[PDB]
Amino acid sequence: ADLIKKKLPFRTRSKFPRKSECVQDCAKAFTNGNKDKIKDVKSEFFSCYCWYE
Amino acid sequence: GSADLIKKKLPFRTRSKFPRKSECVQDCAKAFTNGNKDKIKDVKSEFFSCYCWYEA
Amino acid sequence: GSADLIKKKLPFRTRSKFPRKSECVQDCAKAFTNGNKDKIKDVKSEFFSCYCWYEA
Amino acid sequence: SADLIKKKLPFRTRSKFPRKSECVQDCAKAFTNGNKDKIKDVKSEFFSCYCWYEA
Amino acid sequence: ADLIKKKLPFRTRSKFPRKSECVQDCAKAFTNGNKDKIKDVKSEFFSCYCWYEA
Amino acid sequence: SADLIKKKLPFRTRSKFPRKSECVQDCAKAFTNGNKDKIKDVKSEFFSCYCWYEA
């Protein structure tokens, strides 16, 4: 229901991760690996922004 | 007759400098449609803000 | 069918100076198709106005 | 094994530079008995369109 | 199925064919007119490149 | 769903700059036993691709 924005708390493997990479890492970081609970992502320099419920 | 699609600016700040479409849908629903995201028909990102379009 | 797709200017001003597509679809449907947005086949934003394309 | 063929609209459009939807409508009127699903491609021209449909 | 890349073996009608024209002609040339098996096209001068499944 | 992995193609493509469909096919050949549905993303490179696939 409720959406929230967090920065990835660790580095990505890729310098510029694509959407699938950020979804994977965001789910790993915040939703116990549940990719379905990741609602939005944004690519950054060795990082992602994650929007999840 | 039909409803008007009406545009209102968000009455509070967003957390993000440029909120994404999902953030604007969420916050617009919080502000204007009792948290009902289904009633938010359009959004536009602004500086720590959004424009919200919903029917009235 | 044999219907033409016809282009008409909105017969009133929009609320927004540069209306977005959703605003133009809403206002075009109000003006010309009794609020049926599915019958609005195309729109074009203009200065406080829209062009509306629907079948006749 | 039909060819996709290009023909110019045989009458003028109402708009000077018709948009895609107008060209689909008029191309269908001209060449596919008003069936827009049979219009596979369009290109806007001066008071006209090019129409791509199967023959 | 297998993806194969071939140049169109005949000329297109259009000088620079659009994507729809290339899909039609690529299907005629390589997939017995089945456009679904045409996975990609690229327009060229009176020609196309065709990527299709076989 | 499964684990997503990013790898560069371990052999050369036929095309100098392969398009997305070519990269999907070759990435699947390299990494998913030819199952293209398991290729989640691709990126064209010089006679090569980067492949994002489910392992």
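Quick note: structure is the one above.
K.L.:
How would you sum up the overall build of chain D? Please name residues and give values.
P.N.:
Scanning chain D for helices and strands turns up one helix and three strands. In sequence order, chain D lays out its α and β elements as β-α-β-β. Computed over its C-alpha atoms, the radius of gyration of chain D comes to 10 Å, within 12% of the 10 Å expected for a compact globule of 55 residues. With respect to the principal axes defined by its C-alpha atoms, chain D has extents near 35 × 15 × 15 Å. Looking at the 55 residues of chain D, the share that counts as buried comes to 49%. Total accessible area computed for chain D in this model is approximately 3100 Å², and 48% of it derives from carbon and sulfur atoms.

K.L.:
Which residues make up the state of the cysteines, and what are the values?
P.N.:
Residue and element names in this part refer to chain E. Per the stated rule, a full pass over the model turns up 12 disulfides over all chains. A disulfide bridge connects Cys26 with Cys50, and the sulfur atoms are separated by 2.0 Å. Negative torsions about the S-S bond denote left-handed disulfides, and the value of about -75° found for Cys26 with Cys50 makes this one left-handed. Taken together, the residues span a long stretch of sequence, with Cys26 in helix 1 (residues 19-30) and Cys50 in strand 3 (residues 47-53) at a distance of 24 residues. A residue is classified by how much of its surface remains accessible, and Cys26, at 0% relative accessible area, is buried. By relative accessible area, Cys50 is classed as buried at 0%.

K.L.:
Quick rundown of the sheet that holds strand 3 (residues 49-55) of chain C? Include the residues and the values.
P.N.:
Strand order in the open sheet formed by three strands is 1-3-2 (chain C), with antiparallel pairing between adjacent strands. Sheet topology places strand 1 (5-9) and strand 2 (40-46) of chain C at the edges, where each strand pairs with a single neighbour. Within this sheet the neighbouring strands show an average axis-to-axis angle of 20°, counted without direction. Across the sheet, helix 1 (residues 21-32) of chain C lies against strand 1, strand 2 and strand 3 of chain C, angled at about 120° from strand 2 of chain C, the strand it touches most. Docked against the sheet, helix 1 (residues 20-31) of chain D engages strand 1, strand 2 and strand 3 of chain C, running at close to 145° with respect to strand 1 of chain C.

K.L.:
I'd love a proper account of the interface of chain C and chain B, names of residues and values included.
P.N.:
Opposite the nine residues of chain C that make contact, chain B presents 11 residues. Taking both sides of the interface into account, the surface hidden between chain C and chain B amounts to around 920 Å²; carbon and sulfur atoms contribute 38%. The three residues of chain C that bury the most area against chain B are C:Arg20, C:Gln26 and C:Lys30, which together make up 51% of that side's buried surface. The residue C:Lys37 makes a salt bridge to B:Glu55 at a minimum N-O spacing of 3.5 Å. Connecting chain C to chain B are 10 residue pairs in polar contact. Taken together, the residues of the side of chain C that touches chain B sort by class into no nonpolar, four polar and five charged.

K.L.:
How would you summarise the environment of B:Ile40 if you had to cite specific residues and measurements?
P.N.:
All names here are of chain B. Mapped onto the secondary structure, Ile40 falls in strand 2 (residues 40-46). On a C-alpha basis, the gap between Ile40 and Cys24 in space is 9.4 Å, while along the polypeptide they are 16 residues apart. Among all residues touching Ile40, those that are not within four sequence positions of it are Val25, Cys28, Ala29, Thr33, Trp53 and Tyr54.

K.L.:
Kindly report on the interface of chain B and chain A, identifying the contributing residues and their values.
P.N.:
Listed by partner, the interface residues are seven residues for chain B and nine residues for chain A. Carbon and sulfur atoms make up 43% of the area that chain B and chain A hide from each other, which totals about 630 Å². When the area that chain B buries against chain A is broken down by residue, the three leading residues are B:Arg20, B:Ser22 and B:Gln26, summing to 63%. Run the count over chain B and chain A and you get one salt bridge. One salt bridge connects A:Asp40 with B:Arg20, and the closest N-O pair in it is separated by 2.7 Å. Taken together, the links from chain B to chain A amount to six residue pairs in polar contact.

K.L.:
How would you summarise unusual backbone geometry if you had to cite specific residues and measurements?
P.N.:
Residues and elements named next belong to chain D. Phi at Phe47 is positive, roughly 50°, even though this residue is not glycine. Positionally, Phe47 belongs in the loop between strand 2 (39-45) and strand 3 (48-54). For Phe47, a relative accessible area of 15% translates into the label buried.

K.L.:
Go over helix 1 of chain E with me, naming the residues and quoting the values.
P.N.:
For helix 1 of chain E, with 12 residues, the first-to-last C-alpha span of 16 Å sits near the 16 Å given by 1.5 Å per residue. Of all 12 residues in helix 1 of chain E, nine are buried; the element is thus mostly enclosed. Within the span of helix 1 of chain E, buried status applies to E:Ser20, E:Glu21, E:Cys22, E:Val23, E:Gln24, E:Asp25, E:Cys26, E:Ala27 and E:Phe30. In this structure, the buried residues of helix 1 of chain E make contact with strand 1 (4-8), strand 2 and strand 3 of chain D together with strand 1 (3-7), strand 2 (38-44) and strand 3 of chain E.

Thresholds applied
Residues numbered from 1 in each chain as written, not as in the entry; some residues may be left out. Chains lettered and ligands numbered in written order. Heavy atoms only, no water. Residues with missing side-chain atoms left out of burial classes, pairs and counts. Helix = DSSP H or I, 4+ residues; strand = E, 2+ residues; numbered from the N terminus. Rg over C-alpha atoms; globule rule 2.2 N^0.38 Å. Buried < 20%, exposed > 50% of the residue type's maximum accessible area, 1.4 Å probe, protein only. Areas by Shrake-Rupley, 256 points an atom, 1.4 Å probe, with all protein chains shown as cover. Disulfide = S-S within 2.5 Å. Pairing = 2+ DSSP bridges. Axes fitted to C-alpha atoms, helices over the stretch in contact; angles between N-to-C directions. Contact = heavy atoms within 4.5 Å. Buried area = accessible area lost by both parts, 1.4 Å probe. Salt bridge = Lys/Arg side-chain N within 4 Å of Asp/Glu carboxyl O. Polar contact = N/O pair within 3.5 Å; in protein donor to acceptor, adjacent residues only side chain to side chain. Nonpolar A, V, L, I, M, F, W, Y, C, P; charged D, E, K, R; others polar. Expected span 1.5 Å × (residues − 1).

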